[PDB]
Ligand SMILES: CC(C)(COP(=O)(O)OP(=O)(O)OC[C@H]1O[C@@H](n2cnc3c(N)ncnc32)[C@H](O)[C@@H]1OP(=O)(O)O)[C@@H](O)C(=O)NCCC(=O)NCCS
Ligand SMILES: Nc1ncnc2c1ncn2[C@@H]1O[C@H](COP(=O)(O)OP(=O)(O)O)[C@@H](O)[C@H]1O
Ligand SMILES: O=P([O-])(O)O
Ligand SMILES: [Mg+2]
Ligand SMILES: [Mg+2]
């Protein structure tokens, strides 16, 4: 949600009168430097993974596993990349 | 036992009460001698809804299977069903208002049970009327549902379900200042 | 509405209820004859048929019978039979109507002179009822409207008999004036009390003997059935002569009558290839019109509609009727189904379309066989979801379905289907300060209003309180943007009014039955100046009384049978405009310069769409409702608009019938209406000149030609009104007007300001699959959500059909398995032996103590159940666990016995107080024997019985007891019945399924005790002090 974060920055500039120039991912990271200085104008195995790779996640990392599974879905993978999880404090469960 | 009782303790008024309530309401109306239409209007005037009438989806054209199963057994085997007859006549009136104002399973069981006590020939009227009053009908629901609740208890244990905490998003906090 | 009744039905009610000093002769002397008449039965019921000479005439809503020679006068019963021989069952042509003569009426012949024939008629109008009387009655009465003595009985007025004598009976013979006055007076009360809208007696015969009702022609207010059912009885409304009724028409009529929704169906040409299933009474007409205009008049099969938010089931029942009707015979060019509608306000489109989709799935075979192509166009609440389901059923069945939304012009799918075009009194009523009371429990309507208010940038919500008579006073939660607010709900209107003096508008969601009284009550609170009556179906007569009171009290009525109206930026009546998305789509959050008035609520929502796309928007819009006499008429609102400075142009959506639209022509002529007016009157059809043949002499004259939509449209265009070519040009002409007005500086459009933002509803976002939220709960035993209840995959009907029993049901809910019959029977057996064991046990004791302490069943039962677990009731589980462990560990019975001794443990399920190896326990005997007989294998029981051999050899009472027997037997049943894996059987034991058996079983005994104590009327228990050893600390 960087788009809205850049909005609060632009807004504080307007309300205070301080000149604030706000840029996103579309701008090269270091482009603001040249702009600020006034040089440019302000506008073993070879293969490790396959589409068949199945992994075990050691730890209770729900967000990470879900993240992986959303990437897999969007990649049009046939099966999820996480096969099981290992968490030593709880008994076996799903 | 703790899990079952925790659930059973909700049975009584707004949940599980309807069988006893319907039986009592319809018995009163029938025994008072008022005709079904008089009853429907009396309730409207008193600002009361009929206990054992209404369904969310099921209507006159789309029947409740539980009610169908029971209604059919009762007609086929019970010698006499005067209260059920009375209730079904009330249903004819209410469904003519809104189609989903059917006689529901709580109402059906309630009036069927009263007909069973009164007309099976094992009880005097006094006996039949005392059993209804002391809450025999509540016993039916409690004993019946106890199976479902034990079912759920076993299910949750088998499903290895973790501790529940209600989400704060579903709670409206309206505290003093 | 007002429906015609037979002469028999009329005479019956008349004879039965007319109260008069006048002796009415030949009461109940009338007999009905059909081709199925049993003359012997007829004579048994009517012996008077032989007493005197008779008159025979048909009772089929055939007017001017006598002039057609269809009245056989002064005949014997033999003569009547002879007269009917060539007529009964014969086809007859009365004007342009051809049908069969099926129904006849026999009456006694009344000898009288022509001087002795009279004419009486009573008929309702908006202003009250008219009573007509003429002393020259008979078949030669002629234009009775001009000839006869008129008299108006005002609305809540009484017919004073001096006025009858004074004005009606002017040319009546002096000697017959008192009898006629007495009869007319009595007739008027009968007309009133039975809800007639028209009642005509020609001739009324008055002889030296008394009054005779020789002929009846009456229409009743069919909507008033809920009142009169008792008096009316099994009243049948005959279809007009020549028209032959269909069983499908009768079915839909029944559905409509039993619901708050409107479901109408009339077959035009059963063999036509064009079928319509349109939502809304307005749209139905417009679609019928468009088809007629594109030449399809001869291929149009029906005219019907569904509206007023019908259930999925009602929509299914309606749809199946249409689909059934169109798949009776094949057409060479196939058939068309037009599933249309305008943009809905409250009819949930997702919901209604699911009903239709279900009917299409059921009729997919015949629909493919009859080469049916479907065209859908609909807008409104959740239309997005309903349109998706339509497209999907077309793919899955193979039926060609073309689905369109609000972006498509309403009538565009007609040309698409026919293959002509390719398939791609107070002026101001509301302010921004207006506060209202909603009568009824309408949460969605209220929230809808509140969302409109927030986007209109109103400072306060438009709903102040709600009145719902069934609940006690409480507060209801609502949303003001994203902030939760509370709205008060009152049991009594008196309290609401008292606490909210700021309220001046009342929105009435009361049912047709409750509506009259609730409105009448509101009128007793002078603060209320505008009432919106939503209910469709209030008897005409009761509405006239609401108009009279509102008129004299200065209260403006919008309705009945209306959605309401909308004043963009200020106020919106309940559901007008529908969901926020439509309010935003048609830019109804900000005002324009165009004001409109419509009869149809649905067409009002289409007008918002049209006006928004062609002009600067709607200033104010009103749907006057569809009932015969509306609370506020077209002219009433047109004049308000003419007098509102902000209104720059007016749009009127007229209809066929009535002469209201002519008041506008008159207004323009008179110079009262100066603002440009755009008008279209819908109903340009009836090209099928049905020309509903005049009911009796009183109505028969007027000018039914001027009433027509074609006539009105011509008259208005000549008057100076801007009238389009057809409905499909209505957008163009409105745009044409607006462009001239901006060009002439009359309209100065304002710059567009973005409205405040409101978050999407979770329910809605989830429906469109935009968001995902993980479920907090997981279940697998029962599903109540379906058509049918499901217990572990098996539907409840199958449960009974397969004769599962309590045992069987327990198998599904507890183990989610269909167990063998022996297993079920065994479970039932366990439950029976564990049912009770006297009142001395820990649990029973507590339940009894509790019952005695005056508690309820559930408290008393629980109090006892809470002792079950360890030292009481534990044994079943304990024994099963112990023996399983020992068996499975591989130790031999003797090794087990000694292991336990060494560990200092007693065997669970071994031992009895009295029962020994010579004196057995019957419960154990019963169970052992069942198990031995029916269980395929019992290895654990075998092991346990071997342990028993060892323990009884020590002490004779160390027998395998019932808790041990059930324990081991149950383990053997789980492991060896073949429904469970070893893992499954072992988990069930561990999670305590066996505890469940004892708890469920003993629950019966405990309820037994509770009832017993209550029946025994046992008093409070207090334990005796003598049984208590007090060992307190020393002070
Ligand atoms: C009028 C309307 C708002 C409400 O109708 P509804 O849902 O059928 O009415 P209710 O919610 O009040 O319920 C109907 C009856 O069932 C009764 N009822 C409900 N549950 C009951 C129960 N368990 N026991 C007994 N009676 C019960 C209510 O008391 C009510 O009685 P009443 O009609 O004598 O007041 C609705 O029908 C509607 O929207 N109609 C559309 C009309 C239309 O076309 N408008 C114009 C737009 S152009
Ligand atoms: N019962 C009767 N006794 C005597 N004359 C009758 C009787 N019924 C009808 N008539 C005569 O027949 C005429 C036609 O019957 P009527 O009921 O008025 O039918 P319609 O007006 O439809 O032609 C009446 O005007 C009356 O003169
Ligand atoms: O049924 P309608 O015409 O009021 O929409
Ligand atoms: Mg006549
Ligand atoms: Mg309607």
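Protein chains in written order, with PDB author numbering: chain A, 383 to 425, 488 to 538; chain A', 921 to 1097; chain B, 2 to 425, 488 to 1098. A prime marks a further copy of an entry chain.
C-beta: ideal position from N, C-alpha, C; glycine also.
Where residue i falls, given that 16 or more other Cβ within 10 Å makes a residue buried
| i | result |
| --- | --- |
| residue 424 of chain B | exposed |
| residue 987 of chain A' | buried |
| residue 995 of chain A' | exposed |
| residue 524 of chain B | buried |
| residue 678 of chain B | buried |
| residue 1051 of chain A' | buried |
| residue 418 of chain A | exposed |
| residue 772 of chain B | buried |
| residue 1006 of chain B | buried |
| residue 952 of chain A' | exposed |
| residue 345 of chain B | buried |
Alpha-carbon spacing of residue i relative to residue j, whole angstroms
| i | j | result |
| --- | --- | --- |
| residue 384 of chain A | residue 834 of chain B | 20 Å |
| residue 500 of chain A | residue 509 of chain A | 10 Å |
| residue 409 of chain B | residue 741 of chain B | 22 Å |
| residue 710 of chain B | residue 331 of chain B | 54 Å |
| residue 128 of chain B | residue 169 of chain B | 19 Å |
| residue 864 of chain B | residue 874 of chain B | 16 Å |
| residue 5 of chain B | residue 62 of chain B | 8 Å |
| residue 688 of chain B | residue 596 of chain B | 9 Å |
| residue 690 of chain B | residue 571 of chain B | 16 Å |
| residue 652 of chain B | residue 543 of chain B | 15 Å |
| residue 33 of chain B | residue 215 of chain B | 15 Å |
| residue 680 of chain B | residue 647 of chain B | 12 Å |
| residue 938 of chain B | residue 971 of chain A' | 43 Å |
| residue 941 of chain A' | residue 963 of chain A' | 14 Å |
Opposing strand residues paired with residue i [DSSP bridges]
| i | result |
| --- | --- |
| residue 502 of chain B | B:530 and B:571 |
| residue 150 of chain B | B:134 |
| residue 384 of chain A | Answer is none; residue 384 of chain A lacks a bridge partner. |
| residue 303 of chain B | B:268 |
| residue 201 of chain B | B:122 and B:218 |
| residue 374 of chain B | B:337 |
| residue 725 of chain B | The partner list for residue 725 of chain B (beta bridge, DSSP) is empty, contrary to what the question assumes. |
| residue 1040 of chain A' | According to DSSP, residue 1040 of chain A' bridges with nothing at all. |
| residue 33 of chain B | B:106 |
| residue 277 of chain B | B:339 |
| residue 551 of chain B | B:538 |
query = Does the segment 591 to 604 of chain B come close enough to the segment 533 to 550 of chain B to have 3 or more Cβ pairs within less than 8 Å?
reply = In short, these stretches do not touch, since the Cβ pair count stays below three.
ask   = Between the segment 1038 to 1069 of chain B and chain A', which residues of the former have a C-beta closer than 7 Å to a C-beta of the latter?
value = Those residues of the segment 1038 to 1069 of chain B that come within reach of chain A' (Cβ to Cβ, closer than 7 Å) are 1050, 1054, 1056, 1059, 1062, 1063, 1066 and 1067.
query = Taking any Cβ of chain A, which residues in the segment 1017 to 1028 of chain A' have a Cβ under 8 Å from it, in chain order?
reply = Residues of the segment 1017 to 1028 of chain A' with a C-beta atom less than 8 Å from some C-beta of chain A do not occur.
inquiry  = Any C-beta of chain A within less than 7 Å: which residues of the segment 1075 to 1088 of chain A' qualify?
reply    = Per Cβ criterion, the list reads 1080.
ask   = If you measure beta-carbon to beta-carbon, which residues of the segment 959 to 988 of chain A' are closer than 7 Å to chain B?
value = Within the segment 959 to 988 of chain A', the residues whose Cβ lies closer than 7 Å to some Cβ of chain B are 967, 969, 979, 981, 982, 985 and 986, listed in chain order.
Contact between the segment 276 to 284 of chain B and the segment 318 to 335 of chain B (3+ Cβ pairs under 8 Å) = At 8 Å Cβ cutoff, the stretches touch.
request  = Pair every Cβ in the segment 134 to 144 of chain B with every Cβ in the segment 116 to 126 of chain B, then say whether three or more of these pairs are closer than 8 Å.
outcome  = Yes, they touch.
query = Of the residues that make up the segment 543 to 566 of chain B, which ones have a beta carbon closer than 8 Å to any beta carbon in chain A'?
reply = Under the 8 Å Cβ criterion, the segment 543 to 566 of chain B contributes 547 and 554.
request  = Tell me, please, whether the segment 53 to 68 of chain B touches the segment 103 to 111 of chain B by the rule of three or more beta-carbon pairs shorter than 8 Å.
outcome  = Yes: the two stretches touch, three or more of their Cβ pairs being nearer than 8 Å.
query = For the segment 892 to 910 of chain B against the segment 919 to 934 of chain B, are there 3 or more C-beta pairs whose distance is under 8 Å?
reply = Contact between the segment 892 to 910 of chain B and the segment 919 to 934 of chain B is present, because at least three Cβ pairs lie under 8 Å.
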